[PDB]
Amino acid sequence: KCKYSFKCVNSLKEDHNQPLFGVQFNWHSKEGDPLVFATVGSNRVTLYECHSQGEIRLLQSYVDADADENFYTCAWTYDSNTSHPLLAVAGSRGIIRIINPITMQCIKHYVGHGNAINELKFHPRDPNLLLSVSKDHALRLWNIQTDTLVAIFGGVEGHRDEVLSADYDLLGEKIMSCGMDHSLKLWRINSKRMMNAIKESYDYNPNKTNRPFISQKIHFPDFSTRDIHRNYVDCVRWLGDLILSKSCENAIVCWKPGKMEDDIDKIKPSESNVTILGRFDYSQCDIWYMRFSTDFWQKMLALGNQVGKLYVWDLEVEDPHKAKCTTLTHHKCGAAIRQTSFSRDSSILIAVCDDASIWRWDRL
């Protein structure tokens, strides 16, 4: 069976009784500091600290001025000069907030077109490069060091409906996005053009110049498919050169562009084939906006469903379809799980729910 066994050690619930839409552990936390995770739901973000005996210690929240803000997503990075962690949050107002997680001060914020942001992701090798996916059909890439919009990934050949999820590949050379138009789309960011644009974003200082920073309008993905799912594609991750993606059809598909022997870096915009390498089925998850996560090493994969059941897959197997499943249930956990998060060391798994409950599963 599955190499990984968890026991439920604690549970709690936030005062607001709104859905907790996102949970992220901080993977940039220093050696010897306790494991910290952030939740988003309602118009706030909250930080907790994990301790022994399953204790989840409440710290401090950032509550938005606007009572109409609903936070959907968060991501951790760090300040590239001082070593300090940063937390970006976003939601329905379409405003990105950079939060100092110590004081919970909002350091600065970015405004796109002001339409819901569904997901945020930081570059795996550049802590400054923030990617946001939006209800307005577009993805934007930001440089949060020089406070510049590097590019908009949109256009007619872009997504024709909400973008719900996106992921950088390992070296942060290409992005794969997905959304309500049933399509998964590839956008390379290692082209001459984009590497140059990123470099220019680093040279830009508004006080040393007269020009505004000109962003790139990227209107053509480098690959596209609608052959994986038959509904809203709400979650995507890279597993090396392979893709893991889901819709609301109770399945996580493992797939790649082109035929079996096709190299990912040789795939052209016209490519018409994909190759299904496997599919992990589960039950009762046919609402949309239900995100799986993986641990740091990508050894395992966790997904909650709509009645409070957790699925964990052991990916540490020769081929994708050989993955080992185990399930985590609790009698008092009955509300929908929106997202899971592993700690960096993999000893703790956190699930969050539509009833504002938080569930802590510790690894045996």
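Position 1 is the first residue in the sequence shown; the rest follow in order.
- Higher mean CA B-factor, judged across 225 to 233 and 162 to 170 from the recorded values: 225 to 233.
- Just going by the entry, 103 to 111 versus 136 to 144 on mean CA temperature factor gives the higher value to 103 to 111.
- Per the PDB entry, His84 shows the highest C-alpha temperature factor of the residues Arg291, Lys121, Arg97, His84.
- Highest C-alpha temperature factor among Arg338, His331, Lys299, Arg44, as the PDB entry reports it: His331.
- Sorting the modelled residues of the chain by their CA temperature factor places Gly154 in the middle third.
- Sort the modelled residues of the chain by CA B factor and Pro212 lands in the middle third.
- In this PDB entry, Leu277 carries a Cα temperature factor that places it within the middle third of its chain's modelled residues.
- Ranked within its chain, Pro127 lands in the lowest third, by CA B factor from the PDB record.
- In the PDB entry, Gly304 places in the lowest third of its chain by CA B-factor.
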